[PDB]
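Visitor: This structure is in structure tokens; I'll ask about it shortly.
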Ligand SMILES: CC/C(=C(/CC)c1ccc(O)cc1)c1ccc(O)cc1
Ligand SMILES: CC/C(=C(/CC)c1ccc(O)cc1)c1ccc(O)cc1
């Protein structure tokens, strides 16, 4: 699923 | 309070 | 204080001698499961355990030196953590199952009989798996359980200074045990930390369980005992 | 993993260097606060802190070696514990007060502005006082905060995380032996510190429920990020 947390962790 | 009583005796 | 005079071995012996018994459930394996019946079983069991727990706490070194008000608070704080760590200890040699009583051994699928209970079962099972992993000893278990009694409500209250002194004595005890088990100084500190970190997850389970228990009370599917209701209301 | 090869001193520096910055709140000096305004300030702050927290987490030795899902799990489990222990740490030198931000230092009674918040404030204030009396050091603090990150979600999943957890314990002990504490004082303090983590868990769980209620009460719009971190606990 889309997760703002995913983005922050990957960035 | 039950706990209070049970603690007492 | 008598608690401050006990040696490590004397501490272990006192804690072991104070162990509550393992109660049976009113469980009848002939009448299968409903949400109301299992909840009944679990809460009935907890109610009976609670009476033993209260009399056990009095035998925990240092606990009798506290004011009555402080005793009530600690037990009100810790009662479900203590029920849970006992449960996890019992279940340690039953992989995938929670031994609530010798005649009531449940895996997670039965936890689905009650709404949201399976989340709690899973956490308890993971904790039992952890104890199994660590090869947790009974001597260590009784130390941890008394730490929970004294520690969980100590931040929500001289009186505390006494408690922290007893807590320290139990730390001394855990370390003495590990040194006897042939553990190096490093291994002692590592195991010590490992044991105390588990108490964080035990708090977490109690917190969730308390919320689940409160919701069931409002759901009104099975009569909770007077003592359990009072304990439950002590968290609100 | 690279974390296990690190020495104790190297671990302390790595953690110290990963520390997030102390962010500010809004400079609107209108007092007192309303419920909505205090709620707005707190949630706005936590929102911005969360972004830095993720940066911090990725710099916690061993955390990068975890899969993305594991990282996500640990952070979703521990995020409020981590905000709170940081809050409590910052508030240590301000007895009776919570230093949410340098320009947002709140006393006990200001917690009354939000219903059910004063109970959370009292628990945080007691935790800060406990840290104060223990003379908690920054090196110990960062070790504890890392422990929370790695430990709180590890039983809701192992060896790698637990090895790193062991590494921090070693690091903690190393710090205490450094301060001249005796062996008995060393494990006694170790125990005292780790037991406070149980109370931090309790506070987080209390705070999580309060946040959830405020979501349902719809007093203040919560960010998608904060909502998602919150959704992970229900
Ligand atoms: C997890 C079930 C449980 C309880 C304690 C009453 C429970 C029951 C129903 C709920 O909705 C929540 C918790 C319990 C009972 C006895 C033990 O020795 C340990 C745990
Ligand atoms: C306790 C307030 C709080 C939060 C985090 C969002 C909160 C806000 C409103 C609630 O109803 C409950 C908790 C928080 C915010 C920033 C921190 O660094 C630490 C804690």
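Visitor: Quick check, is residue C:195 more than 16 Å from ligand 2 (Cβ to nearest atom), at the interface with another protein chain (Cβ under 7 Å from one of its Cβ atoms) and surrounded by 21 or more Cβ atoms within 10 Å (Cβ to Cβ)? Lay out the reasoning, then the answer.
Guide: Numbers: more than 16 Å from ligand 2 (Cβ to nearest atom): yes; at the interface with another protein chain (Cβ under 7 Å from one of its Cβ atoms): no; surrounded by 21 or more Cβ atoms within 10 Å (Cβ to Cβ): yes.
So residue C:195 fails the test.
Visitor: Inside region D:213-234, can you point out the residues that are part of a loop (DSSP other than H, G, I, E, B), in contact with a helix residue (DSSP H, G or I) (Cβ under 8 Å, 6 or more places away or on another chain) and over 21 Å from residue C:204 (Cβ atoms)? I'd like the intermediate steps shown before the answer.
Guide: We begin by selecting, within region D:213-234, every residue part of a loop (DSSP other than H, G, I, E, B); these are D:218-223, D:232-234.
Then keep just the ones that are in contact with a helix residue (DSSP H, G or I) (Cβ under 8 Å, 6 or more places away or on another chain); that gives D:219-220, D:222-223, D:232-234.
Correct list: D:219, D:220, D:222, D:223.
Visitor: Given the condition closer than 19 Å to residue C:135 by Cα and surrounded by fewer than 19 Cβ atoms within 10 Å (Cβ to Cβ), answer yes or no: does some residue in region C:168-176 qualify?
Guide: Step one: list which residues in region C:168-176 are closer than 19 Å to residue C:135 by Cα, which gives C:171, C:173-176.
Filter again for surrounded by fewer than 19 Cβ atoms within 10 Å (Cβ to Cβ), leaving C:176.
Yes - at least one qualifying residue is present in region C:168-176.
Visitor: Okay, next question. For region D:51-58, check the following and say yes or no: at least one residue is near ligand 2 (Cβ under 10 Å from one of its atoms), in a helix (DSSP H, G or I), under 15 Å from the mean Cα position of the chain (by Cα) and farther than 19 Å from residue D:2 by Cα. Before you say what the answer is, go through the steps one by one.
Guide: We begin by selecting, within region D:51-58, every residue near ligand 2 (Cβ under 10 Å from one of its atoms); these are D:53.
Adding the requirement that they be in a helix (DSSP H, G or I) leaves D:53.
Filter once more, keeping what is under 15 Å from the mean Cα position of the chain (by Cα): D:53.
Then keep just the ones that are farther than 19 Å from residue D:2 by Cα; that gives D:53.
Looking for residues that are near ligand 2 (Cβ under 10 Å from one of its atoms), in a helix (DSSP H, G or I), under 15 Å from the mean Cα position of the chain (by Cα) and farther than 19 Å from residue D:2 by Cα, one finds at least one in region D:51-58, hence yes.
Visitor: So which of D:65, D:9, D:17 ends up being in a loop (DSSP other than H, G, I, E, B) and more than 16 Å from ligand 2 (Cβ to nearest atom)?
Guide: Details: D:9 fails: in a loop (DSSP other than H, G, I, E, B); D:17 fails: in a loop (DSSP other than H, G, I, E, B).
Just a single option satisfies the conditions, and that option is D:65.
Visitor: Which of the following residues is out of contact with any strand residue (DSSP E or B) (no Cβ under 8 Å at 6 or more places or on another chain), under 18 Å from residue D:230 (Cβ atoms), assigned to a helix (DSSP H, G or I) and more than 14 Å from chain A (Cβ to nearest Cβ): D:41, D:83? Explain how you work it out, then say what you get.
Guide: Working: D:41 fails: out of contact with any strand residue (DSSP E or B) (no Cβ under 8 Å at 6 or more places or on another chain).
Criteria check complete, one pass: D:83.
Visitor: Please go through region D:44-80 and give me each residue that is facing chain A (nearest Cβ under 10 Å) and closer than 21 Å to residue D:220 by Cα, ordered by number.
Guide: D:50, D:51, D:79, listed by residue number.
Visitor: Further question: Taking region C:215-236, which residues are within 14 Å of chain D (Cβ to nearest Cβ) and farther than 22 Å from residue D:200 by Cβ?
Guide: Here is the first cut: in region C:215-236, the ones within 14 Å of chain D (Cβ to nearest Cβ) are C:215, C:234-236.
C:215, the sole residue that qualifies.
Visitor: Would you be able to tell me the number of residues in region C:86-107 that are away from ligand 1 (no atom under 12 Å from the Cβ) and either closer than 13 Å to residue C:209 by Cβ or in contact with a strand residue (DSSP E or B) (Cβ under 9 Å, 6 or more places away or on another chain) (or both)?
Guide: 6
Visitor: Pairs only if they're at least six apart or on different chains, beta carbon under 6 angstrom, first in region D:109-133 and within 11 Å of chain C (Cβ to nearest Cβ) and farther than 13 Å from residue D:200 by Cβ, second within 16 Å of ligand 1 (Cβ to nearest atom) and part of a loop (DSSP other than H, G, I, E, B); list them, first residue then second.
Guide: As it stands, the answer is none, since no pair meets every condition given.
Visitor: Among D:203, D:229, which is within 22 Å of residue C:127 (Cβ to Cβ) and surrounded by 22 or more Cβ atoms within 10 Å (Cβ to Cβ)?
Guide: Result: D:203 is the single residue among D:203, D:229 that is within 22 Å of residue C:127 (Cβ to Cβ) and surrounded by 22 or more Cβ atoms within 10 Å (Cβ to Cβ).
Visitor: Suppose the filter is facing another protein chain (nearest Cβ under 7 Å) and surrounded by 18 or more Cβ atoms within 10 Å (Cβ to Cβ); does residue D:146 pass it?
Guide: Working: facing another protein chain (nearest Cβ under 7 Å): no; surrounded by 18 or more Cβ atoms within 10 Å (Cβ to Cβ): yes.
When the stated conditions are applied, residue D:146 does not pass them.
Visitor: Still on this structure, please answer the following. Given the structure, is residue C:220 out of contact with any strand residue (DSSP E or B) (no Cβ under 9 Å at 6 or more places or on another chain), under 30 Å from residue C:35 (Cα atoms) and surrounded by fewer than 17 Cβ atoms within 10 Å (Cβ to Cβ)? Reasoning before the result, please.
Guide: On the way: out of contact with any strand residue (DSSP E or B) (no Cβ under 9 Å at 6 or more places or on another chain): yes; under 30 Å from residue C:35 (Cα atoms): yes; surrounded by fewer than 17 Cβ atoms within 10 Å (Cβ to Cβ): yes.
Yes; evaluated as a whole, the condition is true for this residue.
Visitor: All but one of (1) more than 12 Å from ligand 2 (Cβ to nearest atom); (2) facing chain C (nearest Cβ under 10 Å) hold for residue D:137; which doesn't?
Guide: Looking at each condition in turn, residue D:137 falls short on (2).
Computed from the coordinates by the stated procedures, all read-outs in this text should not be read as laboratory data. Because the Cβ atoms are built from the backbone with ideal geometry, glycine has one as well, and the counts that use them run over all protein chains shown.
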